[PDB]
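Given as structure tokens, the chain that follows is alone and in the form deposited in one PDB entry.
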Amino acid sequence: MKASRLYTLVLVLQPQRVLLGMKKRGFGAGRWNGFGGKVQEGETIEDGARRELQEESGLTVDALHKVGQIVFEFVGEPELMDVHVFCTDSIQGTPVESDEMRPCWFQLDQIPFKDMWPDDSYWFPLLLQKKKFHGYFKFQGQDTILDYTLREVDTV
């Protein structure tokens, strides 16, 4: 069995658009993603997701709703990424560009799947339908899925 590290991912999803962030620097630059990062000691997962949304995008929110959980496994990495996925309830403020991330709105008929993590093509349609999900994806590198599971659930 493997150890897992906790991460968050937040989708700012409105009726006609979604906010994504383009990673600007380092390895993995050029891909659009939700907002999030590692959970820290002592905070709840939801509070970590709110904190990461603010640090990464400048947006604050009073509350999130949990919509999914996805485990990522990468060839050559023994540690699993356990990603807890949330959708915003309502947002305050404007998103802000940083040196690491550029936020941008996309209409929901222009979701930029080819420039997102490949797994998003599978689970983000469920998120758009207001369904909840559990997933697992094993990657070779950044682009190639070797194995995956995806299941709609009634409780995350």
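The numbering used is simple: start at 1 and walk along the sequence shown. Here, rigid core means the biggest group of C-alpha atoms that superpose within 1.5 Å across both forms.
The same protein has a further form, the form deposited in another entry, not shown here; the description that follows concerns it.
The Cα shift for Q107 between this form and the one not shown, taken after rigid core superposition, is smaller than 2 angstroms.
With the core held fixed, the Cα of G30 is displaced between this form and the one not shown by less than 2 Å. Once both forms are fitted on their core, a CA shift of 2 Å or more is seen for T44 between this form and the one not shown.
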